[PDB]
């Protein structure tokens, strides 16, 4: 079939067989092997022996260190320029711009970045030709969702970073059994490269191979392709997480009729024996992981964790909205995680966990800000910059966006239906962000349409998960601003259309704010385990208890409707204070934002809720 045997990469396969691969799978592997020119090709099988050889390889290349204090835990320190997502270098390629972002009325679109095919080709040809020279191309066959389940989606990631392969083994379900489940079916084509072909022209910081100047994460939904270059951080390199399960999945969900959302899933049980499932959409670094793994302070309540970041939801035949966690592990923020805030997280990360950019103690342990554990005398701390660190400096010992990567099956409170292919019925949906003033502790939407408007009007302070600085209050509708896969105006219409389905059991919609501050600059709510008190009120509202009070913004708890026993000193007057002067400015910013950003793709019912809220506020 060839004249010079120049396209047969069989002699370069150090594990696996190209003959064992399906037709379309082999075409994808050999095609990019010819483009990127790798030295070897490694077809992953997901085995324990393979994981052990990846760790030994990375340990011999100085990429990771062994944390001798714990059981099979490893530390990785990256280049300081490659620490988080780059929303400014994340682009979506479609034929028409309106398929990706609503055409703005004045400024530029904040709902995503669009790039034409012609411009992307020039960028692609300036990066990937010969980028894997001297490196190994790993072929990762992974599954998002329960393997063999009809709702699961299979992808193939090609990467030249064993750090990516190890993390993908934790965060997804990968191995040979996924290749057997695929057969001749469709799959998502994922291609990733660090952008440092050997020999190295640039010296690497902390042995972290990266090309920051040429970083680009592109999505082509019409071709089911994800192409990422330059970065190694999880949000940019683990292509099955944000790039696949959110951006690409959101467009597919619009086509097929389901939902891909940036939400946790938890089940909560009351002292009476009843259990309900909720989902909460908070922006990045705004409390999802701490809520899904919460240890309640109310006796008789139990919280079990289904997922903490991504949910795939769909109405079933009976009218129930059912949700599954497509992920296989947790990729959580490290700073702030202590025994008092998230004790269930501490139990989980003690084994088989890969840390990134946290500090290391001299006895082989981890350390970060807010760990709230004193160290024994003589224990020294090495910061994430691989330097000696003292508690009386300015640089923090761990990076503000440092992460841990741990398997979900090790969580002590993991829900016994987190791998069920049928999903869990969602009875409530929670929105919320970081609002230091004005927004009360909790309130409930008036209807399905008002609730969609509440999610569309979400605002929060900027966090360390992106490149935003200044703690400026930005819009983050549905906590999906960095992850929209298609036109946000059509996104809003897709949510509103669920109220038309026959026998639809629409969940209630709440809005919370754990981050309201007083005049002094400190928080008014302890949060963390005490958030169970707010969840108790939600549980009763779903059961139909008459414990709400009508306000111009929604239903708030009545007086003495929240269990505050054990606190008492809480200033309830400021936790639920509704200032007319605050909400008159808030509706103006929402009006100017929606008019400019959504423009002619704004559904009428969203405009009707904006008008109704403005009227209810003017009557105060």
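Residue numbers count along the first chain shown, from 1. C-alpha atoms forming the largest set that superposes within 1.5 Å between two forms make up the rigid core.
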**Message:** For a rigid core alignment of each structure in 8 other deposited structures of this protein onto the shown form, which stretch has the higher root mean square Cα deviation: 500-508 or 165-173?
**Reply:** 500-508
**Fill in**
The stretch that moves more in 8 other deposited structures of this protein, judged by RMS C-alpha distance from this form after core superposition, 194-202 or 288-296, is 194-202
**Asked** If you average the Cα B factors in the entry, which is higher, 402-410 or 520-528?
**Response** 520-528
**Fill in**
Averaging the C-alpha temperature factors as deposited, the higher value of 104-112 versus 454-462 falls on 104-112
**Asked** Of 344, 149, 353, 228, which one's C-alpha B factor is largest in the deposited record?
**Response** 149
**Prompt:** Based on the PDB record, which member of 594, 553, 567, 43 exhibits the highest Cα temperature factor?
**Reply:** 567
**Asked** For residue 444, does the deposited CA B-factor place it in the lowest, middle or highest third of the chain?
**Response** lowest
**Request:** Among all modelled residues of this chain, ranked by Cα B factor, put residue 25 in the bottom, middle or top third, i.e. lowest, middle or highest.
**Result:** highest
**Prompt:** By its CA B factor, does residue 19 count among the lowest, middle or highest third of the modelled residues in the chain?
**Reply:** highest
**Message:** How does the C-alpha B factor of residue 357 compare with the rest of the chain: lowest, middle or highest third?
**Reply:** middle
**Fill in**
Split the chain's modelled residues into thirds by Cα B-factor; residue 55 lands in the middle
